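final10.pdb follows; it contains PDB, C-alpha atoms.
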```pdb
MODEL        1
ATOM      1  CA  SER E   1       0.387 -21.998 -23.933
ATOM      2  CA  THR E   2       1.370 -18.334 -23.992
ATOM      3  CA  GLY E   3      -0.204 -14.927 -23.520
ATOM      4  CA  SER E   4       0.729 -11.417 -24.639
ATOM      5  CA  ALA E   5      -0.956  -8.170 -23.534
ATOM      6  CA  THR E   6      -0.169  -4.512 -24.056
ATOM      7  CA  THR E   7       0.352  -2.373 -20.946
ATOM      8  CA  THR E   8      -0.347   1.365 -21.137
ATOM      9  CA  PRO E   9       0.710   4.287 -18.884
ATOM     10  CA  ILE E  10      -2.218   5.742 -16.946
ATOM     11  CA  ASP E  11      -1.013   9.342 -17.392
ATOM     12  CA  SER E  12       1.683  11.496 -18.984
ATOM     13  CA  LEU E  13       4.154  10.763 -16.145
ATOM     14  CA  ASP E  14       4.017   6.939 -16.295
ATOM     15  CA  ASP E  15       2.703   6.927 -12.718
ATOM     16  CA  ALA E  16       1.479   3.358 -13.281
ATOM     17  CA  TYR E  17       0.574   1.011 -16.123
ATOM     18  CA  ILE E  18      -2.733  -0.729 -16.851
ATOM     19  CA  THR E  19      -3.261  -3.989 -18.725
ATOM     20  CA  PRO E  20      -6.671  -5.273 -19.876
ATOM     21  CA  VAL E  21      -7.818  -8.501 -18.184
ATOM     22  CA  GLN E  22     -10.879 -10.598 -19.052
ATOM     23  CA  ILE E  23     -12.810 -11.928 -16.031
ATOM     24  CA  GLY E  24     -15.863 -14.172 -16.088
ATOM     25  CA  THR E  25     -18.323 -15.488 -18.661
ATOM     26  CA  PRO E  26     -19.247 -13.536 -20.727
ATOM     27  CA  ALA E  27     -15.979 -11.658 -20.328
ATOM     28  CA  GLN E  28     -15.861  -8.510 -18.216
ATOM     29  CA  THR E  29     -12.754  -6.533 -19.179
ATOM     30  CA  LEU E  30     -11.071  -4.589 -16.376
ATOM     31  CA  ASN E  31      -7.835  -2.590 -16.588
ATOM     32  CA  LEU E  32      -5.528  -3.914 -13.862
ATOM     33  CA  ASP E  33      -2.188  -2.751 -12.463
ATOM     34  CA  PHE E  34       0.187  -5.726 -12.824
ATOM     35  CA  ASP E  35       2.232  -5.666  -9.618
ATOM     36  CA  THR E  36       5.334  -7.852  -9.193
ATOM     37  CA  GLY E  37       5.507  -6.527  -5.606
ATOM     38  CA  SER E  38       2.266  -8.129  -4.361
ATOM     39  CA  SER E  39       0.312 -11.354  -4.754
ATOM     40  CA  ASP E  40      -3.426 -10.567  -4.747
ATOM     41  CA  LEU E  41      -5.658 -10.208  -7.809
ATOM     42  CA  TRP E  42      -8.329  -7.801  -6.558
ATOM     43  CA  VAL E  43     -10.944  -5.738  -8.370
ATOM     44  CA  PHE E  44     -13.453  -2.984  -7.941
ATOM     45  CA  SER E  45     -16.794  -4.756  -7.962
ATOM     46  CA  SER E  46     -20.548  -4.590  -7.542
ATOM     47  CA  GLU E  47     -19.774  -5.155  -3.824
ATOM     48  CA  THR E  48     -17.546  -2.084  -3.425
ATOM     49  CA  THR E  49     -19.017   0.611  -1.166
ATOM     50  CA  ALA E  50     -20.719   2.927  -3.637
ATOM     51  CA  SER E  51     -19.158   6.137  -2.297
ATOM     52  CA  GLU E  52     -15.703   4.596  -2.868
ATOM     53  CA  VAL E  53     -16.269   4.007  -6.614
ATOM     54  CA  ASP E  54     -15.554   7.013  -8.876
ATOM     55  CA  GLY E  55     -15.244   6.071 -12.548
ATOM     56  CA  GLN E  56     -13.698   2.595 -12.298
ATOM     57  CA  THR E  57     -15.051  -0.361 -14.227
ATOM     58  CA  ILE E  58     -16.485  -2.939 -11.833
ATOM     59  CA  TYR E  59     -16.617  -6.736 -11.841
ATOM     60  CA  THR E  60     -20.147  -8.045 -11.211
ATOM     61  CA  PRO E  61     -19.873 -11.726 -10.219
ATOM     62  CA  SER E  62     -23.646 -12.260 -10.396
ATOM     63  CA  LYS E  63     -23.416 -11.655 -14.171
ATOM     64  CA  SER E  64     -20.704 -14.311 -14.666
ATOM     65  CA  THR E  65     -21.932 -17.868 -15.206
ATOM     66  CA  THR E  66     -18.519 -19.214 -14.135
ATOM     67  CA  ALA E  67     -18.185 -17.190 -10.904
ATOM     68  CA  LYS E  68     -18.406 -19.085  -7.613
ATOM     69  CA  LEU E  69     -18.198 -17.612  -4.122
ATOM     70  CA  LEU E  70     -15.166 -18.968  -2.265
ATOM     71  CA  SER E  71     -17.132 -19.592   0.889
ATOM     72  CA  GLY E  72     -15.728 -18.007   4.032
ATOM     73  CA  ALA E  73     -12.720 -16.437   2.328
ATOM     74  CA  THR E  74     -11.759 -12.826   3.001
ATOM     75  CA  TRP E  75      -8.783 -10.666   2.096
ATOM     76  CA  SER E  76      -7.212  -7.437   3.327
ATOM     77  CA  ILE E  77      -4.059  -5.771   2.029
ATOM     78  CA  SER E  78      -1.999  -2.673   2.822
ATOM     79  CA  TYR E  79       0.612  -1.360   0.402
ATOM     80  CA  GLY E  80       3.884   0.482   0.952
ATOM     81  CA  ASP E  81       2.265   3.774  -0.076
ATOM     82  CA  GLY E  82      -0.282   3.560   2.750
ATOM     83  CA  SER E  83      -3.204   2.529   0.531
ATOM     84  CA  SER E  84      -5.367  -0.495   1.302
ATOM     85  CA  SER E  85      -8.374  -2.560   0.250
ATOM     86  CA  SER E  86     -10.348  -5.569   1.510
ATOM     87  CA  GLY E  87     -13.297  -7.808   0.706
ATOM     88  CA  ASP E  88     -14.447 -11.334  -0.142
ATOM     89  CA  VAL E  89     -13.420 -13.827  -2.833
ATOM     90  CA  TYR E  90     -14.809 -15.539  -5.924
ATOM     91  CA  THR E  91     -13.205 -18.019  -8.253
ATOM     92  CA  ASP E  92     -13.711 -17.337 -11.958
ATOM     93  CA  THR E  93     -12.085 -17.638 -15.364
ATOM     94  CA  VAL E  94      -9.379 -15.024 -15.951
ATOM     95  CA  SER E  95      -7.601 -14.408 -19.258
ATOM     96  CA  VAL E  96      -4.626 -12.161 -20.040
ATOM     97  CA  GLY E  97      -3.595 -11.637 -23.632
ATOM     98  CA  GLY E  98      -5.086 -14.953 -24.745
ATOM     99  CA  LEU E  99      -3.824 -17.029 -21.772
ATOM    100  CA  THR E 100      -6.691 -18.455 -19.693
ATOM    101  CA  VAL E 101      -6.749 -19.705 -16.091
ATOM    102  CA  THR E 102      -9.894 -21.360 -14.769
ATOM    103  CA  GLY E 103     -10.623 -21.230 -11.052
ATOM    104  CA  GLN E 104      -8.519 -18.120 -10.405
ATOM    105  CA  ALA E 105      -9.172 -16.372  -7.096
ATOM    106  CA  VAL E 106     -10.690 -12.977  -7.913
ATOM    107  CA  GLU E 107     -10.721 -10.861  -4.765
ATOM    108  CA  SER E 108     -13.776  -8.588  -4.780
ATOM    109  CA  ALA E 109     -13.310  -5.304  -2.945
ATOM    110  CA  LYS E 110     -15.892  -4.267  -0.391
ATOM    111  CA  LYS E 111     -13.698  -1.347   0.734
ATOM    112  CA  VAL E 112     -10.872   0.602  -0.898
ATOM    113  CA  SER E 113      -8.835   3.498   0.459
ATOM    114  CA  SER E 114      -9.067   7.009  -0.931
ATOM    115  CA  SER E 115      -6.100   6.776  -3.292
ATOM    116  CA  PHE E 116      -7.777   3.914  -5.164
ATOM    117  CA  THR E 117     -11.103   5.763  -5.369
ATOM    118  CA  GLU E 118      -9.326   8.873  -6.643
ATOM    119  CA  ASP E 119      -7.630   6.988  -9.506
ATOM    120  CA  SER E 120     -10.358   6.324 -12.051
ATOM    121  CA  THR E 121      -7.953   4.552 -14.442
ATOM    122  CA  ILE E 122      -7.080   1.524 -12.253
ATOM    123  CA  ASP E 123      -9.817  -1.094 -11.816
ATOM    124  CA  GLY E 124      -7.743  -3.316  -9.508
ATOM    125  CA  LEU E 125      -4.398  -5.059  -9.141
ATOM    126  CA  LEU E 126      -2.999  -8.325 -10.516
ATOM    127  CA  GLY E 127      -0.239  -9.543  -8.205
ATOM    128  CA  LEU E 128       2.815 -11.274  -9.685
ATOM    129  CA  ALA E 129       5.031 -11.716  -6.596
ATOM    130  CA  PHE E 130       5.217 -15.121  -4.891
ATOM    131  CA  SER E 131       1.987 -16.688  -3.671
ATOM    132  CA  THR E 132       3.316 -16.835  -0.091
ATOM    133  CA  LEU E 133       2.340 -13.128   0.150
ATOM    134  CA  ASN E 134      -1.299 -13.679  -0.868
ATOM    135  CA  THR E 135      -3.615 -12.314   1.837
ATOM    136  CA  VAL E 136      -6.680 -14.565   1.412
ATOM    137  CA  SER E 137      -7.777 -16.178   4.691
ATOM    138  CA  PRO E 138      -8.261 -18.873   5.867
ATOM    139  CA  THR E 139      -7.032 -20.574   2.662
ATOM    140  CA  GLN E 140      -4.235 -18.712   0.890
ATOM    141  CA  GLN E 141      -4.680 -18.434  -2.887
ATOM    142  CA  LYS E 142      -2.297 -18.627  -5.848
ATOM    143  CA  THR E 143      -1.392 -15.826  -8.238
ATOM    144  CA  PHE E 144      -2.431 -15.866 -11.891
ATOM    145  CA  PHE E 145       1.155 -16.735 -12.864
ATOM    146  CA  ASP E 146       1.380 -19.568 -10.334
ATOM    147  CA  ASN E 147      -1.888 -21.048 -11.633
ATOM    148  CA  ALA E 148      -0.818 -20.706 -15.290
ATOM    149  CA  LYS E 149       2.790 -21.825 -14.875
ATOM    150  CA  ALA E 150       2.451 -25.556 -15.528
ATOM    151  CA  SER E 151       0.574 -24.889 -18.792
ATOM    152  CA  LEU E 152       3.029 -22.312 -20.142
ATOM    153  CA  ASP E 153       5.553 -23.220 -22.829
ATOM    154  CA  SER E 154       8.245 -21.934 -20.444
ATOM    155  CA  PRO E 155       7.648 -20.982 -16.770
ATOM    156  CA  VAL E 156       8.338 -17.273 -17.241
ATOM    157  CA  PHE E 157       6.762 -13.896 -17.718
ATOM    158  CA  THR E 158       8.397 -10.739 -19.040
ATOM    159  CA  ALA E 159       7.867  -7.029 -18.394
ATOM    160  CA  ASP E 160       8.683  -4.568 -21.189
ATOM    161  CA  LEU E 161       7.429  -1.227 -19.875
ATOM    162  CA  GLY E 162       7.506   1.827 -22.122
ATOM    163  CA  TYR E 163       8.743   5.334 -21.406
ATOM    164  CA  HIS E 164       5.780   7.609 -22.109
ATOM    165  CA  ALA E 165       4.493   4.835 -24.386
ATOM    166  CA  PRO E 166       2.774   1.427 -24.251
ATOM    167  CA  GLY E 167       4.714  -1.769 -23.598
ATOM    168  CA  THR E 168       4.085  -5.487 -23.184
ATOM    169  CA  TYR E 169       3.613  -8.260 -20.620
ATOM    170  CA  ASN E 170       4.288 -11.712 -22.086
ATOM    171  CA  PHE E 171       3.592 -15.044 -20.403
ATOM    172  CA  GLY E 172       5.306 -18.303 -21.305
ATOM    173  CA  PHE E 173       7.904 -17.114 -23.825
ATOM    174  CA  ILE E 174      10.778 -14.679 -24.297
ATOM    175  CA  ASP E 175      10.385 -12.417 -27.364
ATOM    176  CA  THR E 176      13.936 -12.333 -28.715
ATOM    177  CA  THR E 177      13.038  -9.332 -30.915
ATOM    178  CA  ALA E 178      12.156  -7.157 -27.909
ATOM    179  CA  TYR E 179      15.667  -6.489 -26.573
ATOM    180  CA  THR E 180      19.217  -5.801 -27.723
ATOM    181  CA  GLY E 181      22.295  -7.790 -26.808
ATOM    182  CA  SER E 182      21.928 -10.651 -24.334
ATOM    183  CA  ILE E 183      19.848 -11.190 -21.194
ATOM    184  CA  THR E 184      21.897 -11.281 -17.983
ATOM    185  CA  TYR E 185      20.363 -13.513 -15.320
ATOM    186  CA  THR E 186      20.869 -12.943 -11.603
ATOM    187  CA  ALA E 187      19.917 -14.843  -8.453
ATOM    188  CA  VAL E 188      16.635 -14.293  -6.602
ATOM    189  CA  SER E 189      15.743 -14.739  -2.947
ATOM    190  CA  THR E 190      12.093 -15.620  -2.349
ATOM    191  CA  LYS E 191      12.450 -15.439   1.453
ATOM    192  CA  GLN E 192      10.379 -12.230   1.710
ATOM    193  CA  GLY E 193       7.970 -13.241  -1.071
ATOM    194  CA  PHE E 194       9.427 -10.755  -3.575
ATOM    195  CA  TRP E 195      11.535 -10.912  -6.724
ATOM    196  CA  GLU E 196      14.495  -9.882  -4.570
ATOM    197  CA  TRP E 197      17.955  -9.646  -6.132
ATOM    198  CA  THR E 198      21.315  -7.888  -5.641
ATOM    199  CA  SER E 199      22.510  -5.216  -8.041
ATOM    200  CA  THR E 200      26.279  -5.008  -8.450
ATOM    201  CA  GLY E 201      26.551  -1.205  -8.323
ATOM    202  CA  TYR E 202      25.787   2.072 -10.016
ATOM    203  CA  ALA E 203      27.051   5.074 -11.939
ATOM    204  CA  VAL E 204      25.768   8.649 -12.219
ATOM    205  CA  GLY E 205      25.851  10.157 -15.694
ATOM    206  CA  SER E 206      29.218   9.601 -17.361
ATOM    207  CA  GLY E 207      30.859   8.944 -13.989
ATOM    208  CA  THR E 208      32.818   5.878 -13.015
ATOM    209  CA  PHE E 209      30.949   2.770 -11.924
ATOM    210  CA  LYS E 210      30.862   2.108  -8.171
ATOM    211  CA  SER E 211      30.935  -1.609  -7.386
ATOM    212  CA  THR E 212      28.691  -2.179  -4.369
ATOM    213  CA  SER E 213      25.980  -4.719  -3.559
ATOM    214  CA  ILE E 214      22.440  -3.271  -3.494
ATOM    215  CA  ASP E 215      19.739  -5.735  -2.420
ATOM    216  CA  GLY E 216      16.304  -4.778  -3.694
ATOM    217  CA  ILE E 217      13.084  -5.917  -5.335
ATOM    218  CA  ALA E 218      11.901  -5.772  -8.951
ATOM    219  CA  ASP E 219       8.499  -4.112  -8.443
ATOM    220  CA  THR E 220       6.339  -3.119 -11.422
ATOM    221  CA  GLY E 221       3.729  -1.746  -8.994
ATOM    222  CA  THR E 222       6.030   0.971  -7.605
ATOM    223  CA  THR E 223       6.499   4.077  -9.760
ATOM    224  CA  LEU E 224       9.949   5.259  -8.680
ATOM    225  CA  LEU E 225      13.456   3.929  -7.965
ATOM    226  CA  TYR E 226      14.146   3.787  -4.206
ATOM    227  CA  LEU E 227      17.809   3.293  -3.240
ATOM    228  CA  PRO E 228      20.068   3.852  -0.222
ATOM    229  CA  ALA E 229      20.496   7.458   0.874
ATOM    230  CA  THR E 230      24.204   7.455  -0.041
ATOM    231  CA  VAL E 231      23.461   6.477  -3.662
ATOM    232  CA  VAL E 232      20.574   8.921  -3.985
ATOM    233  CA  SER E 233      22.639  11.811  -2.578
ATOM    234  CA  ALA E 234      25.421  11.048  -5.062
ATOM    235  CA  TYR E 235      22.896  11.234  -7.915
ATOM    236  CA  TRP E 236      21.195  14.496  -6.921
ATOM    237  CA  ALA E 237      24.511  16.196  -6.112
ATOM    238  CA  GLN E 238      25.042  16.245  -9.893
ATOM    239  CA  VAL E 239      21.907  18.386 -10.452
ATOM    240  CA  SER E 240      22.295  22.107  -9.703
ATOM    241  CA  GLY E 241      19.689  23.239  -7.187
ATOM    242  CA  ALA E 242      18.402  19.775  -6.297
ATOM    243  CA  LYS E 243      17.581  19.224  -2.635
ATOM    244  CA  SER E 244      15.684  16.908  -0.331
ATOM    245  CA  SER E 245      12.461  18.598   0.782
ATOM    246  CA  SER E 246      10.828  17.282   3.946
ATOM    247  CA  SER E 247       7.669  19.255   3.140
ATOM    248  CA  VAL E 248       7.326  17.761  -0.344
ATOM    249  CA  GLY E 249       8.475  14.285   0.714
ATOM    250  CA  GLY E 250      11.663  13.718  -1.254
ATOM    251  CA  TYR E 251      14.208  15.116  -3.653
ATOM    252  CA  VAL E 252      13.050  17.967  -5.870
ATOM    253  CA  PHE E 253      14.981  19.756  -8.582
ATOM    254  CA  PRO E 254      14.579  22.817 -10.824
ATOM    255  CA  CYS E 255      12.264  21.988 -13.707
ATOM    256  CA  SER E 256      14.781  23.830 -15.941
ATOM    257  CA  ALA E 257      17.424  21.145 -15.305
ATOM    258  CA  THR E 258      18.652  18.494 -17.715
ATOM    259  CA  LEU E 259      19.038  15.344 -15.607
ATOM    260  CA  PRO E 260      21.971  12.918 -15.843
ATOM    261  CA  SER E 261      21.424   9.251 -16.540
ATOM    262  CA  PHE E 262      21.666   6.591 -13.835
ATOM    263  CA  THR E 263      23.256   3.176 -14.465
ATOM    264  CA  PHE E 264      22.660   0.068 -12.365
ATOM    265  CA  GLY E 265      24.602  -3.193 -12.491
ATOM    266  CA  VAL E 266      23.193  -6.659 -13.197
ATOM    267  CA  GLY E 267      26.162  -8.963 -12.733
ATOM    268  CA  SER E 268      28.802  -7.668 -15.133
ATOM    269  CA  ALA E 269      26.108  -6.023 -17.306
ATOM    270  CA  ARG E 270      24.794  -2.467 -17.060
ATOM    271  CA  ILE E 271      21.320  -0.959 -17.521
ATOM    272  CA  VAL E 272      21.232   2.770 -18.293
ATOM    273  CA  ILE E 273      18.228   4.838 -17.177
ATOM    274  CA  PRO E 274      18.149   8.018 -19.320
ATOM    275  CA  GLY E 275      17.910  11.268 -17.394
ATOM    276  CA  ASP E 276      14.479  12.078 -18.814
ATOM    277  CA  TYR E 277      13.065   8.944 -17.153
ATOM    278  CA  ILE E 278      13.893  10.514 -13.755
ATOM    279  CA  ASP E 279      11.706  13.635 -14.280
ATOM    280  CA  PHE E 280       8.281  13.376 -12.607
ATOM    281  CA  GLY E 281       7.232  16.926 -13.350
ATOM    282  CA  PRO E 282       6.061  19.852 -11.238
ATOM    283  CA  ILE E 283       5.346  19.132  -7.574
ATOM    284  CA  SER E 284       2.033  21.005  -7.998
ATOM    285  CA  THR E 285       0.437  22.439 -11.106
ATOM    286  CA  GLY E 286       2.454  25.363 -12.448
ATOM    287  CA  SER E 287       5.386  24.981 -10.049
ATOM    288  CA  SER E 288       8.964  25.252 -11.297
ATOM    289  CA  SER E 289      10.063  22.675  -8.713
ATOM    290  CA  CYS E 290      10.003  19.157 -10.164
ATOM    291  CA  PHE E 291       9.808  15.818  -8.349
ATOM    292  CA  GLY E 292      12.681  13.357  -8.720
ATOM    293  CA  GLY E 293      12.315   9.793  -9.923
ATOM    294  CA  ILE E 294      15.154   8.471  -7.731
ATOM    295  CA  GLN E 295      14.359   8.691  -4.018
ATOM    296  CA  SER E 296      15.768   7.371  -0.766
ATOM    297  CA  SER E 297      14.633   3.994   0.559
ATOM    298  CA  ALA E 298      15.576   5.014   4.110
ATOM    299  CA  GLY E 299      12.602   4.223   6.307
ATOM    300  CA  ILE E 300      11.004   1.897   3.752
ATOM    301  CA  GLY E 301      13.230  -0.983   4.878
ATOM    302  CA  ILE E 302      13.924  -2.292   1.361
ATOM    303  CA  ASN E 303      15.319  -0.932  -1.885
ATOM    304  CA  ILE E 304      12.811  -0.916  -4.752
ATOM    305  CA  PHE E 305      13.645  -1.177  -8.459
ATOM    306  CA  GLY E 306      10.318   0.303  -9.550
ATOM    307  CA  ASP E 307       9.085   1.407 -12.956
ATOM    308  CA  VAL E 308      11.782   4.098 -13.397
ATOM    309  CA  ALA E 309      14.402   1.329 -13.424
ATOM    310  CA  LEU E 310      12.423  -1.506 -15.009
ATOM    311  CA  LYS E 311      11.212   0.547 -17.997
ATOM    312  CA  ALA E 312      14.862   0.959 -19.072
ATOM    313  CA  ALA E 313      15.122  -2.831 -19.505
ATOM    314  CA  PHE E 314      13.509  -5.965 -20.853
ATOM    315  CA  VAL E 315      12.924  -7.947 -17.647
ATOM    316  CA  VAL E 316      12.479 -11.724 -17.362
ATOM    317  CA  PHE E 317      10.711 -13.075 -14.277
ATOM    318  CA  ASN E 318      11.878 -16.700 -14.418
ATOM    319  CA  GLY E 319       9.612 -18.934 -12.328
ATOM    320  CA  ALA E 320      11.607 -22.128 -12.780
ATOM    321  CA  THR E 321      12.106 -24.371  -9.746
ATOM    322  CA  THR E 322      14.877 -21.996  -8.665
ATOM    323  CA  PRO E 323      13.584 -18.559  -9.730
ATOM    324  CA  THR E 324      15.901 -15.983 -11.290
ATOM    325  CA  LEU E 325      15.627 -12.526 -12.864
ATOM    326  CA  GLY E 326      16.942 -11.524 -16.277
ATOM    327  CA  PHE E 327      17.700  -8.023 -17.550
ATOM    328  CA  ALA E 328      18.508  -6.885 -21.084
ATOM    329  CA  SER E 329      18.920  -3.466 -22.637
ATOM    330  CA  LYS E 330      16.394  -2.538 -25.331
TER     331      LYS E 330
ENDMDL
END
```
As structure tokens:
Amino acid sequence: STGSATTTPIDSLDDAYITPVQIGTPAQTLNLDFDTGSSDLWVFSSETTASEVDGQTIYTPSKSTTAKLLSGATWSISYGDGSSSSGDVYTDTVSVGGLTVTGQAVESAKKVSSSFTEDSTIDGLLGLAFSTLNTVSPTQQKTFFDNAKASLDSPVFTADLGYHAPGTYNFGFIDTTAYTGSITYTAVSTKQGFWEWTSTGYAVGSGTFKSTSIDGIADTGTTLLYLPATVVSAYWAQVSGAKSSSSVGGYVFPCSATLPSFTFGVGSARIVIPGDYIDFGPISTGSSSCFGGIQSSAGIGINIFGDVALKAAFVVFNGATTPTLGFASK
């Protein structure tokens, strides 16, 4: 089997991407944030505290003839941005782009933190990291990909995120029309539960490539590119007037600037992030100070190849017995 679904930016900055997901019988379609940095499929629901729901579409398990309470199971998750959610668990039928899993754990939120409430466009998350990170207790649950894997034509999924435009998540096949050149595969460590790999270096603009190992995670659920402070300083030093602002929380730059590109290495191959992809717009409405899309990972404890990086590539998440990542230009 295979599946193919379009993923759409939630706003004009590509702050996140939403993908429609069918849950239950008859189907209830929710727009979920596919997150290769976590491993829980959780949704706003009829159980979510009413004051914490503000425009989201909810899953109502009592209206699904295939929903079953997973007795005694609870979940609770906290994300790197300080947000969180928790609740109980059902199993139900879940379909993505024509690919169906029966008995998928659907984690129903009883509580969500303010940032989730405040984002009316995201109805929940669909985790695509390794199932060892799943938070369900006392019986850990499998991700949608893990449940589907054995049925797929090939044990893979791909992320093809757009810049200011829709893109695609495919399951079970590699669309050879969706990228240019060849796909370069690179080793993955699953020891922390992430799609963790080592970039071979970077360049800023037309500058020379610096060969240096950068361990980090491929994370579709993180907006920006978080790299070591040395690398990030070298990038922003090429932008007149750019500075790190403690009050804003990162590097800012004059909105009048034209940003240089940023290249990262995948083995001997190179992925080029155009400068425009690094502009996240005014820090507050009407400001002429703009927020940078490349930020320091110091204090986060891990480097994160988030959407800013991934959207410049066609990315293969290869879930073979020894997982690997593939990157192609597009």
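Applied to the shown file, the PyMOL selection byres ((chain E and resi 320-329) around 6) selects the residues residues 155, 179, 180, 183, 184, 185, 186, 187, 188, 313, 314, 315, 316, 317, 318, 319 and 330 of chain E.
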As an exercise, work out the distance from CA of residue 93 in chain E to CA of residue 23 in chain E in Å and give it to one decimal place.
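A separation of 5.8 Å between them.
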Considering all atoms listed in the file, return as a PyMOL selection string whatever protein or nucleic-acid residues lie within 6 Å of range 60-67 of chain E, sequence-local ones (same chain, fewer than 5 positions apart) excluded.
chain E and resi 24-25+45-46+91-92
Expand the PyMOL selection byres ((chain E and resi 161) around 9) into the individual residues it matches in the shown file, reporting them as a list in words.
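Applying the expression gives residues 7, 8, 9, 17, 159, 160, 162, 163, 165, 166, 167, 168, 169, 220, 307, 310, 311, 312, 313, 314 and 315 of chain E.
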When distances are computed from only C-alpha atoms, which of E:252, E:58, E:234, E:112 shows the smallest separation from residue 79 in chain E?
E:112
Can you list, as a PyMOL selection string, the residues that the PyMOL selection byres ((chain E and resi 138) around 10) selects here?
chain E and resi 72-75+135-137+139-141
Next, the residues of the selection above should be written as a short mmCIF file (atom, residue, chain, number, x, y, z; two decimals), keeping the file's coordinate frame with C-alpha atoms.
```cif
data_model
loop_
_atom_site.label_atom_id
_atom_site.label_comp_id
_atom_site.auth_asym_id
_atom_site.auth_seq_id
_atom_site.Cartn_x
_atom_site.Cartn_y
_atom_site.Cartn_z
CA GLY E 72 -15.73 -18.01 4.03
CA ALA E 73 -12.72 -16.44 2.33
CA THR E 74 -11.76 -12.83 3.00
CA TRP E 75 -8.78 -10.67 2.10
CA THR E 135 -3.62 -12.31 1.84
CA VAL E 136 -6.68 -14.56 1.41
CA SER E 137 -7.78 -16.18 4.69
CA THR E 139 -7.03 -20.57 2.66
CA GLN E 140 -4.24 -18.71 0.89
CA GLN E 141 -4.68 -18.43 -2.89
#
```
Gap from CA of residue 158 in chain E to CA of residue 191 in chain E - Å, one decimal
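Interatomic distance, CA of residue 158 in chain E to CA of residue 191 in chain E: 21.4 Å.
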Counting all atoms listed in the file, closest pick from E:56, E:143, E:2, E:200 relative to residue 38 in chain E is E:143
Give me, please, the distance in Å between CA of residue 299 in chain E and CA of residue 33 in chain E, quoted to one decimal.
24.9 Å
Edge lengths and centre in Å to one decimal, as lines of an AutoDock Vina configuration file, of the axis-aligned box that encloses all listed atoms of range 29-34 of chain E with 3 Å added on every side?
```
center_x = -6.3
center_y = -4.6
center_z = -15.8
size_x = 18.9
size_y = 9.9
size_z = 12.7
```
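You can rank E:231, E:94, E:298, E:105 by their closest distance to residue 264 in chain E using only C-alpha atoms, and at the top of that list sits E:231.
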With distances taken over only C-alpha atoms, which residue among E:96, E:41, E:53, E:129 lies nearest residue 21 in chain E?
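Looking only at the distances to residue 21 in chain E, the closest residue turns out to be E:96.
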Using all atoms listed in the file, pick whichever of E:302, E:49, E:131, E:124 has the shortest atom-to-atom distance to residue 197 in chain E.
E:302
Using only C-alpha atoms, give me every residue within 10 Å of (32.5, -6.3, -11.6) in file coordinates, as a PyMOL selection string.
chain E and resi 200-201+209-212+265-269
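Nearest-residue note for residue 30 in chain E: choosing from E:10, E:272, E:217, E:122, the minimum distance belongs to E:122, counting all atoms listed in the file.
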Find the residues around residue 71 in chain E up to 9 Å (only C-alpha atoms counted), leave out those fewer than 6 positions away in its own chain, and share them as a PyMOL selection string.
chain E and resi 88-90
For those residues, write C-alpha atoms to a file as a CSV table (one decimal), in the coordinates of the input.
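See out08.csv below for the written result:
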```csv
chain,number,residue,atom,x,y,z
E,88,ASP,CA,-14.4,-11.3,-0.1
E,89,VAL,CA,-13.4,-13.8,-2.8
E,90,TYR,CA,-14.8,-15.5,-5.9
```
Some atoms are missing, so please complete range 228-238 of chain E with N, CA and C atoms and return it as a PDB file, in the coordinates of the input.
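The resulting rebuild21.pdb:
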```pdb
ATOM      1  N   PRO E 228      19.512   3.341  -1.483  1.00  0.00           N
ATOM      2  CA  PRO E 228      20.068   3.852  -0.222  1.00  0.00           C
ATOM      3  C   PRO E 228      20.396   5.335  -0.315  1.00  0.00           C
ATOM      4  N   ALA E 229      20.326   6.009   0.837  1.00  0.00           N
ATOM      5  CA  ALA E 229      20.496   7.458   0.874  1.00  0.00           C
ATOM      6  C   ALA E 229      21.835   7.901   0.307  1.00  0.00           C
ATOM      7  N   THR E 230      22.891   7.106   0.503  1.00  0.00           N
ATOM      8  CA  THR E 230      24.204   7.455  -0.041  1.00  0.00           C
ATOM      9  C   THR E 230      24.163   7.544  -1.563  1.00  0.00           C
ATOM     10  N   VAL E 231      23.549   6.541  -2.199  1.00  0.00           N
ATOM     11  CA  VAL E 231      23.461   6.477  -3.662  1.00  0.00           C
ATOM     12  C   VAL E 231      22.625   7.634  -4.189  1.00  0.00           C
ATOM     13  N   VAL E 232      21.495   7.881  -3.538  1.00  0.00           N
ATOM     14  CA  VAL E 232      20.574   8.921  -3.985  1.00  0.00           C
ATOM     15  C   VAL E 232      21.202  10.309  -3.840  1.00  0.00           C
ATOM     16  N   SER E 233      21.939  10.541  -2.747  1.00  0.00           N
ATOM     17  CA  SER E 233      22.639  11.811  -2.578  1.00  0.00           C
ATOM     18  C   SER E 233      23.691  12.007  -3.664  1.00  0.00           C
ATOM     19  N   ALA E 234      24.424  10.947  -4.004  1.00  0.00           N
ATOM     20  CA  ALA E 234      25.421  11.048  -5.062  1.00  0.00           C
ATOM     21  C   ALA E 234      24.787  11.402  -6.402  1.00  0.00           C
ATOM     22  N   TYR E 235      23.598  10.873  -6.686  1.00  0.00           N
ATOM     23  CA  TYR E 235      22.896  11.234  -7.915  1.00  0.00           C
ATOM     24  C   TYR E 235      22.505  12.714  -7.921  1.00  0.00           C
ATOM     25  N   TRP E 236      21.766  13.150  -6.901  1.00  0.00           N
ATOM     26  CA  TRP E 236      21.195  14.496  -6.921  1.00  0.00           C
ATOM     27  C   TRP E 236      22.250  15.581  -6.747  1.00  0.00           C
ATOM     28  N   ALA E 237      23.417  15.238  -6.196  1.00  0.00           N
ATOM     29  CA  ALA E 237      24.511  16.196  -6.112  1.00  0.00           C
ATOM     30  C   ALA E 237      24.982  16.642  -7.486  1.00  0.00           C
ATOM     31  N   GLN E 238      24.662  15.882  -8.534  1.00  0.00           N
ATOM     32  CA  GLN E 238      25.042  16.245  -9.893  1.00  0.00           C
ATOM     33  C   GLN E 238      24.028  17.156 -10.575  1.00  0.00           C
TER      34      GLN E 238
END
```
